[PDB]
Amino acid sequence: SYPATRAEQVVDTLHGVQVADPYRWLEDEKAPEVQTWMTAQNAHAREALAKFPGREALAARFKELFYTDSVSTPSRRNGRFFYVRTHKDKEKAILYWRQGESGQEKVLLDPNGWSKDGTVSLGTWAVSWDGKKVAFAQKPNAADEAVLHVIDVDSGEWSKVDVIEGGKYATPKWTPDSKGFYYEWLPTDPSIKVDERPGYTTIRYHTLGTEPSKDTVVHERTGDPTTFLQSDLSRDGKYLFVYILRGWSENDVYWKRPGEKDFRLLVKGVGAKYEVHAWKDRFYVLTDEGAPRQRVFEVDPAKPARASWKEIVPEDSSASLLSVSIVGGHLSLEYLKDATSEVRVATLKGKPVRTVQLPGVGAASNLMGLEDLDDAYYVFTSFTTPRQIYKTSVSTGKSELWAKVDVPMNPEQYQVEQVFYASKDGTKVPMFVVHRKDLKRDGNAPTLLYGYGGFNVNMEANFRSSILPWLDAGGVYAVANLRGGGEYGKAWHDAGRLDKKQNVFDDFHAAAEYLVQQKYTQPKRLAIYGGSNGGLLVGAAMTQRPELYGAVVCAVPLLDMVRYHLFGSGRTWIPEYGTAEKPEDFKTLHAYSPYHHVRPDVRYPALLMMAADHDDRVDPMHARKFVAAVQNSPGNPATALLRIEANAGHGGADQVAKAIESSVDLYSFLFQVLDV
């Protein structure tokens, strides 16, 4: 609570309703008073954290766990392999290449050398089809803003001509001739307001070796900051696709043969999404149209009207179809069955071939490879199993372990449960519960409950070494598959967005109640964690039902839902949340907006706000205003800290040492406030 925060009497009348904003002044980070306050809040948080218990042991253990030897799945181009490694003595991962399967590897891009202090990161990278060039993003502070560069693989020379600012949204699509790439571009025009900028994305083509001002405009902007514009290109270069994405629930698809004058409309989505892959002059369309758990159509480009589409993979009787890839002349279909993935190989005509046999219960990626390569890879993890990569033959189903991350832990000490609990409305919600096998079910284990609940995002059994000290201290880690996610398909997502957002929060309150009912824990020993839309989640949870929770960790959050659309990338989430600019949407948002529901004379859970100084996606003002409201809430005795990570974007600083520090801070906060 340490630094004082002046409260003002700012009020606005929105749709006939008075809305108070006492900490409005903290929105503008350009004001010196706000910078001074930020510094003082962070200093207070670091001072407080430094006194919390277990820190030397946590730091040593996280150092042993977070520095790893790992390798990514390889991108194969013209006999060369390209892949990222981590090393135990490096702060950032490095991009390598080699000639042939067992050629000697060489460093291609080492972001550890891009600055003296780790403040420039590698973003997206795309290898040319000839294996001679890599187009890649450099991202200051690992924030979203990106500049595209190109490196010559044989020489390691960075192009001085092929440098393109405004690459935030770009994923380069190289043409088969390796002479240039399609990409998503933003103009740098100082008269465009930050909140309107997302409506200016354009598709351009960059020819290597030419000035980017000469890049052709392939598709003009939508002019609508509630959309994304994205392109894709078939392997043969014959089909160019442009998507207009309206949030995470619907999209349009346009296409042409490059050189044609006009785009053709494939489909205009009305409450349905469509993703297309072209191979050998057929289009494979993955969609939720008339199929909440998705299905696949084959479309003939010569007869592309909807009536002529042929269903080749019908909607499954129970499983959610998440993605389709074309590998080795086959379809690879990634399904989710009660939040656990299954991968199925089918022919191009949709006939089942086989199910990929996984090593165990956990999370598997879809097969990754190329349409004309028989070798395809997948990644497998579990809550207790570090990443394993398998190399498989699409044609035969042979599978071999290709890589495994060695981590100094003993998986046999832990178990993972999957449970199903009823929400307020009776919905059965899945949850994973992870703990030592010898956990006493005495209602007193320190428990950390994680959720997100939105944007069609699924909570899966990812391996996180960060939870191991918690489990070893007798803690429970729980992950709820709240509505708003995609776990049970479109119906799951739709029941947790827009006017139904409150269902997500109700699902989370019910998870907290379940963990107590089932003798894992009690409120004073229960913490909740979420980030971004998950930050909104935990802010809503703590303002609605503070009595259920002992502590809250809230990362890079949205919390003023009446004003979120005015800052950063906010307008792009209007299709998910609505906008307070509209009366009906306002009523919904105002009812849950955590910043507007810090009631006085309430003992809140202890609060640790984990903010980032260079978050150019989710505006940092939300965490400032909310922490001020909690610190100054009459009769709140619980700690409320604002920790600001330096040189950090929305996903952190991309520096292992800083990740260690953040985890030490998080878990030492928990040990203190839950009395571990």
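Residues carry their position along the shown sequence, with the first being 1.
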query: Mean C-alpha temperature factor, higher of 432 to 440 and 230 to 238; finding: 230 to 238
query: Mean C-alpha temperature factor, higher of 135 to 143 and 263 to 271; finding: 263 to 271
query: Selection from 405, 566, 526, 299 [criterion: highest C-alpha temperature factor in the record]; finding: 405
query: Selection from 334, 224, 250, 507 [criterion: highest C-alpha temperature factor in the record]; finding: 250
query: Lowest, middle or highest third - CA B-factor, residue 113; finding: highest
query: For residue 12, the third of its chain into which the C-alpha B factor falls; finding: highest
query: Modelled-residue ranking by C-alpha temperature factor, third containing residue 98; finding: highest
query: Relative C-alpha B-factor of residue 492, binned into the chain's lowest, middle or highest third; finding: lowest
query: Within-chain third of residue 514 by Cα B-factor, per the entry; finding: lowest
